[PDB]
2 protein chains.
Amino acid sequence: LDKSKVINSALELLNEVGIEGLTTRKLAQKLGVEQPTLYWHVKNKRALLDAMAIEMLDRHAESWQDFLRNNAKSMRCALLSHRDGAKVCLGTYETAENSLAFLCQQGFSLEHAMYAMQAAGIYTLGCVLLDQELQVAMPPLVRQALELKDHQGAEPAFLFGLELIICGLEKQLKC
Amino acid sequence: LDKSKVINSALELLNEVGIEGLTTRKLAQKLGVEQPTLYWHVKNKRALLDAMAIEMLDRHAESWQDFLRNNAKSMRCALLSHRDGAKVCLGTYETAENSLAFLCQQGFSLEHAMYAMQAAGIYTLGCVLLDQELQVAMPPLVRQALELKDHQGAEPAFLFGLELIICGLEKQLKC
């Protein structure tokens, strides 16, 4: 039993039971150890999720604009990888640092560069958080909304929101 | 015991116990009825949250841009009104319809008008969802991020993200 072996069953197990379902006992059970053994690889449910989150991102995660774009898209992908995958991400260094330079090398007031990182990430995050709950969960205007909304999903909505964000980043830069 | 009386204790109770803590039993207890009585006013925990959510929005919730702005800000306010207030909103008609016209009266392809509603709402939502978890939850670039981030909070980040969104809405309109 290495730590890899734990984190990955954790992810399978996630798929089966959901984030509320995912207990250290249930994990111990699947892996066929006893609960205590697990603590050699994980502090507790918190530290474990934080580990699961990372792995998701490892696995499923040039101009500046088309950095932001490709960063999010991958994040977004990474989140939808698993049940309740966004909820996991919610509650959780070098890659950070690079980014904020690679941003400031294109004339970005660090502060702003942060807020750019943040805006995209938070949005990507909200979108998926929401694709994932509608899972768990008329007048005439609405219905086509809905039916076009259904025909398509959220990927358009995702991208179209990703797009305004970038647009406004061009504008708040020229200043 | 009217229904108002239930929903409001529910909100107090929320503050005390959090969303995971908020059981129908715990509510029955506070109100000093028995569990069954509550079902006369609420189907179950789901229908109850859906009710709590509404009330929050009732209570704490011109150009088009400055509709989107003022809509979100109020939503955002409304969410931070209570513990886990965004998590409640997550899992949950006329006001809808108006909006989508009031949008199309300014030359907005319904579809887009939807995606505009959506983008702002989802972002507002992600932001607060995140103000609320950091509650529940270095190289040098980062630290000032952090320290400026701490000095200020998220309200700047909120607005600055709200702002790009609107910017990009002006651009995706001129087309």
# chains A, B, ... in the order shown; residues from 1 in each chain; ligands from 1

$ closest_atom_pairs --of "range 148-173 of chain B" --to "range 138-143 of chain B" --cutoff "10 Å" --atoms "only C-alpha atoms" --output "JSON lines"
{"residue": "B:148", "atom": "CA", "partner": "B:143", "partner_atom": "CA", "distance": 8.3}
{"residue": "B:149", "atom": "CA", "partner": "B:143", "partner_atom": "CA", "distance": 9.1}
{"residue": "B:150", "atom": "CA", "partner": "B:143", "partner_atom": "CA", "distance": 9.9}

$ write_last_selection --atoms "N, CA and C atoms" --output "compact mmCIF listing (two decimals), in the first residue's frame"
# COMPACT_ATOMS: atom_id res chain seq x y z
N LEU B 148 -2.41 41.95 0.03
CA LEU B 148 -3.33 42.89 -0.59
C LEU B 148 -4.70 42.24 -0.60
N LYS B 149 -4.72 40.95 -0.98
CA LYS B 149 -5.91 40.11 -0.91
C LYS B 149 -6.50 40.17 0.50
N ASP B 150 -5.65 40.04 1.52
CA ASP B 150 -6.16 40.10 2.88
C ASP B 150 -6.59 41.53 3.23

$ interface_residues --of "chain A" --to "chain B" --cutoff "7 Å" --atoms "only C-alpha atoms" --output "ChimeraX atom specification"
/A:91,97,111,114-115,119,122-123,125-127,133,137,141-142,145,157,161,164-165,167-169

$ closest_residue --among "B:85, B:68, B:37, B:1" --to "residue 18 in chain B" --atoms "only C-alpha atoms"
B:85

$ residues_around --residues "residue 78 in chain A" --least-positions-apart "4" --cutoff "9 Å" --atoms "only C-alpha atoms" --output "PyMOL selection string"
chain A and resi 56-61+73-74+82+85-86

$ closest_residue --among "A:106, A:29, A:8, A:81" --to "residue 174 in chain A" --atoms "only C-alpha atoms"
A:106

$ atom_distance --atom1 "CA of residue 19 in chain B" --atom2 "CA of residue 50 in chain B"
12.5 Å

$ atom_distance --atom1 "CA of residue 107 in chain B" --atom2 "CA of residue 69 in chain B"
18.1 Å

$ select_by_dssp --residues "chain A" --states "helix (DSSP H, G or I)" --output "ChimeraX atom specification"
/A:3-17,24-31,35-38,45-60,65-80,85-90,94-104,111-136,140-152,155-174

$ write_last_selection --atoms "C-alpha atoms" --output "short mmCIF file (atom, residue, chain, number, x, y, z; two decimals), in the first residue's frame"
data_model
loop_
_atom_site.label_atom_id
_atom_site.label_comp_id
_atom_site.auth_asym_id
_atom_site.auth_seq_id
_atom_site.Cartn_x
_atom_site.Cartn_y
_atom_site.Cartn_z
CA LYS A 3 -0.08 6.59 -1.01
CA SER A 4 -0.94 6.56 -4.71
CA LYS A 5 -2.97 3.40 -4.13
CA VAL A 6 -5.05 5.24 -1.50
CA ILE A 7 -5.78 8.43 -3.41
CA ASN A 8 -6.96 6.53 -6.49
CA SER A 9 -9.38 4.20 -4.68
CA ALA A 10 -10.56 7.39 -2.97
CA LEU A 11 -11.41 8.75 -6.42
CA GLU A 12 -13.16 5.58 -7.57
CA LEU A 13 -14.94 5.51 -4.26
CA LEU A 14 -15.97 9.12 -4.74
CA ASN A 15 -17.68 8.17 -7.92
CA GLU A 16 -19.64 5.51 -6.10
CA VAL A 17 -20.76 7.28 -2.95
CA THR A 24 -12.37 7.12 5.83
CA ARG A 25 -14.17 3.97 7.09
CA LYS A 26 -15.72 3.35 3.68
CA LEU A 27 -12.26 3.77 2.19
CA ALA A 28 -10.64 1.46 4.73
CA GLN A 29 -13.34 -1.05 3.80
CA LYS A 30 -12.75 -0.89 0.05
CA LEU A 31 -8.97 -1.14 0.49
CA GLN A 35 -9.08 2.57 9.47
CA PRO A 36 -5.80 3.41 11.34
CA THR A 37 -3.50 2.23 8.52
CA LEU A 38 -4.86 4.96 6.31
CA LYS A 45 -10.85 13.38 5.44
CA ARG A 46 -9.68 16.97 4.86
CA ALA A 47 -6.10 16.18 3.99
CA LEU A 48 -7.40 13.33 1.82
CA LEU A 49 -9.71 15.48 -0.28
CA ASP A 50 -6.89 17.99 -0.69
CA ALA A 51 -4.91 15.06 -2.08
CA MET A 52 -7.73 13.87 -4.35
CA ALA A 53 -8.17 17.41 -5.73
CA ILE A 54 -4.50 17.69 -6.57
CA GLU A 55 -4.53 14.39 -8.50
CA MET A 56 -7.57 15.33 -10.55
CA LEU A 57 -5.72 18.50 -11.57
CA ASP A 58 -2.41 16.73 -12.21
CA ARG A 59 -4.11 14.33 -14.60
CA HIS A 60 -6.58 16.49 -16.55
CA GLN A 65 -5.29 35.48 -23.29
CA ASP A 66 -4.75 31.99 -24.64
CA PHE A 67 -3.14 31.09 -21.32
CA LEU A 68 -6.17 32.05 -19.29
CA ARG A 69 -8.35 30.22 -21.84
CA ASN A 70 -6.39 26.97 -21.77
CA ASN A 71 -5.85 27.08 -18.01
CA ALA A 72 -9.56 27.30 -17.25
CA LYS A 73 -10.65 24.81 -19.91
CA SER A 74 -8.33 22.26 -18.37
CA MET A 75 -9.44 23.12 -14.82
CA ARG A 76 -13.02 22.77 -16.00
CA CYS A 77 -12.21 19.46 -17.60
CA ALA A 78 -10.40 18.36 -14.43
CA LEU A 79 -13.39 19.20 -12.25
CA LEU A 80 -15.95 17.24 -14.30
CA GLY A 85 -15.41 17.00 -8.33
CA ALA A 86 -16.01 20.74 -8.01
CA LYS A 87 -17.23 20.46 -4.39
CA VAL A 88 -13.95 18.70 -3.65
CA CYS A 89 -11.94 21.49 -5.27
CA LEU A 90 -13.90 24.09 -3.29
CA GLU A 94 5.68 27.23 -8.37
CA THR A 95 2.93 27.02 -11.01
CA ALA A 96 1.41 29.94 -9.10
CA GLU A 97 4.54 32.08 -9.25
CA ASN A 98 5.32 31.53 -12.93
CA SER A 99 1.76 32.50 -13.88
CA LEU A 100 1.89 35.85 -12.05
CA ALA A 101 5.05 36.81 -13.92
CA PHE A 102 4.02 35.41 -17.31
CA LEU A 103 1.12 37.79 -16.60
CA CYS A 104 3.17 40.81 -15.51
CA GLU A 111 -2.90 42.95 -8.29
CA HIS A 112 -4.90 42.79 -11.54
CA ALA A 113 -2.92 39.70 -12.64
CA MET A 114 -4.18 38.11 -9.42
CA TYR A 115 -7.78 39.21 -10.01
CA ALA A 116 -7.47 37.74 -13.54
CA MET A 117 -6.30 34.42 -12.23
CA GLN A 118 -9.08 34.66 -9.70
CA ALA A 119 -11.94 35.67 -11.99
CA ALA A 120 -11.43 32.86 -14.50
CA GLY A 121 -10.81 30.20 -11.82
CA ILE A 122 -13.87 31.22 -9.75
CA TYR A 123 -16.10 31.27 -12.84
CA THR A 124 -14.81 27.99 -14.22
CA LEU A 125 -15.45 26.76 -10.70
CA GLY A 126 -18.99 28.11 -10.38
CA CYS A 127 -20.04 26.75 -13.79
CA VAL A 128 -19.00 23.18 -12.91
CA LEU A 129 -20.26 23.43 -9.37
CA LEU A 130 -23.52 24.03 -11.13
CA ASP A 131 -23.34 21.40 -13.85
CA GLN A 132 -22.81 19.06 -10.86
CA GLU A 133 -25.80 20.18 -8.70
CA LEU A 134 -28.39 20.28 -11.52
CA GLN A 135 -27.37 16.63 -11.73
CA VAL A 136 -28.11 16.22 -8.00
CA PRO A 140 -42.39 31.46 -23.47
CA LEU A 141 -39.11 33.39 -23.35
CA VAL A 142 -37.84 30.92 -20.78
CA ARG A 143 -38.75 27.70 -22.54
CA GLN A 144 -36.44 28.31 -25.53
CA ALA A 145 -33.75 29.46 -23.10
CA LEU A 146 -34.28 26.09 -21.40
CA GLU A 147 -34.59 24.09 -24.61
CA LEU A 148 -31.57 25.74 -26.23
CA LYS A 149 -29.94 25.44 -22.80
CA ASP A 150 -30.84 21.75 -22.85
CA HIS A 151 -29.94 21.21 -26.51
CA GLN A 152 -26.44 22.51 -25.78
CA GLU A 155 -20.13 24.32 -22.56
CA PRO A 156 -21.39 27.27 -24.68
CA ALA A 157 -22.39 29.20 -21.56
CA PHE A 158 -19.00 28.28 -20.04
CA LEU A 159 -17.04 29.54 -23.07
CA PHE A 160 -19.21 32.56 -23.61
CA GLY A 161 -18.61 33.62 -20.02
CA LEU A 162 -14.90 32.77 -20.39
CA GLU A 163 -14.89 35.02 -23.42
CA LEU A 164 -16.36 38.20 -21.91
CA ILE A 165 -13.91 37.82 -19.07
CA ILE A 166 -10.96 37.85 -21.45
CA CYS A 167 -12.48 40.67 -23.45
CA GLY A 168 -12.68 42.87 -20.35
CA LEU A 169 -9.06 41.95 -19.57
CA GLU A 170 -7.94 43.46 -22.87
CA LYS A 171 -9.89 46.61 -22.00
CA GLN A 172 -8.51 46.71 -18.42
CA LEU A 173 -4.90 46.64 -19.66
CA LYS A 174 -5.00 49.34 -22.32
#
